[PDB]
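>>> build the 3D model from these lines:
(chains A and B, ligands or ions: 2)
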Amino acid sequence: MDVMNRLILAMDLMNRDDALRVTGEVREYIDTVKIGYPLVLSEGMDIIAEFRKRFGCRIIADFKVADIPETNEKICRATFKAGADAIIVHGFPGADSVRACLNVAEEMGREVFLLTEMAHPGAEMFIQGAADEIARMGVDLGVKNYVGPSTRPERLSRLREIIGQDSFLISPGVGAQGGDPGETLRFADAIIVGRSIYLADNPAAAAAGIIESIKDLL
Amino acid sequence: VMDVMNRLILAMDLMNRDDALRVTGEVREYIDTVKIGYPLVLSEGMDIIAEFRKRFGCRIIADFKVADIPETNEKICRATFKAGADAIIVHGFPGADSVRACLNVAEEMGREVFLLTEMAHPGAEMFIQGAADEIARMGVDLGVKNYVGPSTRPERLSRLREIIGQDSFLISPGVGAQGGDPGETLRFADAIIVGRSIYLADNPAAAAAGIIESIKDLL
Ligand SMILES: O=c1cc(O)n([C@@H]2O[C@H](COP(=O)(O)O)[C@@H](O)[C@H]2O)c(=O)[nH]1
Ligand SMILES: O=c1cc(O)n([C@@H]2O[C@H](COP(=O)(O)O)[C@@H](O)[C@H]2O)c(=O)[nH]1
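Numbers count the residues shown, from 1 in each chain, chains lettered A, B, ... in the order given. Ligands and ions are numbered 1, 2, ... in the order given. Next comes the structure:
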């Protein structure tokens, strides 16, 4: 996956007008948008097709899929029917649940991203202790795309070590949650940025500034 | 706690509005509580909750297995309750802050959180099972009153009931298609969740009536 400026916009505004306007304001800087449940549950799954119509961007559906295999299959099918290029799936529920997602993605020409450790403090309670094993499970299953935490660069580096340089790794928690863009890109192929851009007085300037700060890395 | 008719909750995971509405209508006399998840919501929109309320006046549990950071969890809960869901199901494995975020929104908005503590499918044994007792204990510490646990593992369901106490409310999926037995599950759960055994039946009403007949002495 070729992400423009190594920067993925997390579009978690919950109003269609604002989401479209802000995305339009930063369109020159990105070609990949992560759309999650805050926007989808507020404005409907048709928003994905609208983003493709307006911007042509690739769309990663951040749905943190975390059900039994049978339900995971249905979620992925509905998501890809809506036009998502990729979907983010939790690894914690185990291998069969991940495989269900991989199957549908293969059938519809899409990608699965495996979330292995999360960026927020609560991640330390249960997820962090399982994260290396979840990453190895990903490797065993043939997963090629991964998500890990900007807020813990030593953990992000370990994830990169496990999956290898050939795998694709994206990382949230940059800006608002404390992660640094440049440090994160030592290990991740692309950074995910939400509030630092979409809550900024001037989203375009916010995006431009981030890109300026990592310009030697592009 | 919510008063679930016949101790039976329909898992409405059909993905077509017409079929979902038809089947739910057919079992309306047996069930007043419907679990709606992402298969139906991602196919038909959040307005499906509105449509079910209008047509059936059933309680709605939004099975969204909320599993994000606290800030995003808050946004998901707000949108879900705004649409009319009575309750939302939240994963515990992302930790206490993520659960608290959902609890805080539910309190502010006058709705309920159900905490999913162990799952019923085989993959649950890899990571979730080992964390489940602690996730449940965390729920109790956070003041969670409603829980979800697996019918497919009676020993695990029994332990979860012990941890949360007799006053907490416990619902349990995996009955029927996944192998769980209705009566045995109700030894520990307040209500059973049933999807395919009902909604894929030639006669969903007869399927529901049959399950209820089998647990008649427990009602
Ligand atoms: O560990 C994770 C995994 C995520 O997907 N995310 C997601 O990444 C985005 C981060 O947004 P922000 O830059 O506003 O903090 C949110 O959409 C959030 O749900 C995260 O923050 N941490
Ligand atoms: O551990 C769990 C937790 C669930 O919510 N579920 C949900 O309960 C329902 C089970 O449906 P069924 O009776 O068709 O197997 C599905 O909606 C599924 O997503 C489950 O099967 N196992």
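>>> and the strands in chain A?
Secondary structure of chain A, counting by DSSP state E: strands at A:7-11, A:32-36, A:58-65, A:86-90, A:111-115, A:145-147, A:168-171, A:190-193.
>>> make CSV from those and add distance to residue B:71 and mean neighbour count to it.
To be clear about C-beta, it is placed using only N, CA and C from the backbone, and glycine gets the same treatment. Output for the strands of chain A, formatted as CSV (distance: least, C-beta to C-beta, whole Å; neighbours: other C-beta atoms under 10 Å in any protein chain shown):
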stretch, distance to residue B:71, mean neighbour count
strand A:7-11, 11, 26
strand A:32-36, 11, 23
strand A:58-65, 13, 26
strand A:86-90, 16, 26
strand A:111-115, 16, 24
strand A:145-147, 16, 26
strand A:168-171, 17, 24
strand A:190-193, 14, 25
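>>> mind putting those into CSV with distance to ligand 2?
Formatted as CSV, the strands of chain A follow (distance: least, C-beta to the nearest ligand atom, whole Å):
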stretch, distance to ligand 2
strand A:7-11, 26
strand A:32-36, 20
strand A:58-65, 11
strand A:86-90, 13
strand A:111-115, 18
strand A:145-147, 22
strand A:168-171, 27
strand A:190-193, 27
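>>> for residue A:89, give me its contacts.
Residues near residue A:89 by C-beta atoms under 8 Å, 6 or more residues apart in numbering or on different chains: A:63, A:64, A:65, A:66, A:72, A:97, A:98, A:101, A:112, A:113, A:114, A:115.
>>> from those residues, which are also near chain B?
Near chain B, judged by C-beta under 8 Å from any C-beta of the partner chain, the entries from the contacts of residue A:89 are A:63, A:64, A:66, A:97, A:98.
>>> quick check: the last one touching residue A:112?
Yes - the pair residue A:98 / residue A:112 is scored as a contact, 7.4 Å apart, by C-beta atoms under 8 Å.
>>> which neighbours do the two have in common?
A:89, A:143.
>>> make TSV out of the strands of chain A and add distance to residue A:47.
Listed next are these as TSV, based on distance: least, C-beta to C-beta, whole Å:
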stretch	distance to residue A:47
strand A:7-11	9
strand A:32-36	7
strand A:58-65	9
strand A:86-90	15
strand A:111-115	19
strand A:145-147	21
strand A:168-171	21
strand A:190-193	18
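>>> tell me, how many residues neighbour the residue of chain A found nearest ligand 1?
Using C-beta to the nearest ligand atom, the closest approach of chain A to ligand 1 is made by residue A:194 at 2.6 Å. Close neighbours of residue A:194, defined as other C-beta atoms under 10 Å in any protein chain shown, add up to 24.
>>> residues touching the closest residue to it other than its chain neighbours, list them.
Excluding the flanking residues, the one nearest residue A:194 by C-beta to C-beta, 6 or more residues apart in numbering or on different chains is residue A:10, at 3.3 Å. By C-beta under 8 Å, 6+ apart, the residues touching residue A:10 are A:34, A:36, A:62, A:172, A:192, A:193, A:194, A:195, A:198.
>>> between those residues, which sits nearest residue A:106?
residue A:62 (20.1 Å; C-beta to C-beta).
>>> distance of the residue lying closest to the closest one once chain neighbours are set aside from residue A:75?
Closest residue in space to residue A:62, ignoring its immediate chain neighbours: residue A:36 at 3.9 Å, by C-beta to C-beta, 6+ apart. Applying C-beta to C-beta, to the nearest Å, the value for residue A:36 to residue A:75 is 13 Å.
>>> over to residue A:193?
To residue A:75, residue A:193 is 26 Å away according to C-beta to C-beta.
>>> returning to that earlier point: from what I can see the residue of chain A closest to ligand 1 touches residue A:11, true?
Yes - if you go by C-beta under 8 Å, residue A:194 and residue A:11 touch, sitting 7.5 Å apart.
>>> what sits against the residue of chain A found nearest ligand 2?
The nearest approach of chain A to ligand 2 comes at residue A:71, 3.6 Å away (C-beta to the nearest ligand atom). By C-beta under 8 Å, 6+ apart, the contact set of residue A:71 is B:13, B:37, B:38, B:39.
>>> with residue A:148 instead?
A:115, A:116, A:117, A:131, A:155, A:156, A:159, A:160, A:169, A:171, A:188.
>>> which non-adjacent residue is nearest it?
Nearest one to residue A:148, counting by C-beta to C-beta, 6+ apart, is residue A:159 at 4.1 Å.
>>> now residue A:46
residue A:82 (7.4 Å).
>>> spit out the contact partners of that neighbour.
Taking C-beta under 8 Å, 6+ apart as the test, what residue A:82 contacts is A:45, A:46, A:48, A:49, A:61, B:42.
>>> one more time with 10 Å
Residues in contact with residue A:82 (C-beta atoms under 10 Å, 6 or more residues apart in numbering or on different chains) are A:35, A:40, A:44-49, A:52, A:59, A:61, B:42-43.
>>> do the same with residue A:130
With C-beta under 10 Å, 6+ apart, residue A:130 has these contacts: A:91, A:92, A:116, A:117, A:137, B:93, B:126, B:127, B:128, B:130, B:131.
>>> now with 6 Å?
residue B:127 (C-beta atoms under 6 Å, 6 or more residues apart in numbering or on different chains).
>>> same thing with residue A:187?
With C-beta under 6 Å, 6+ apart, residue A:187 has these contacts: A:156, A:157, A:160.
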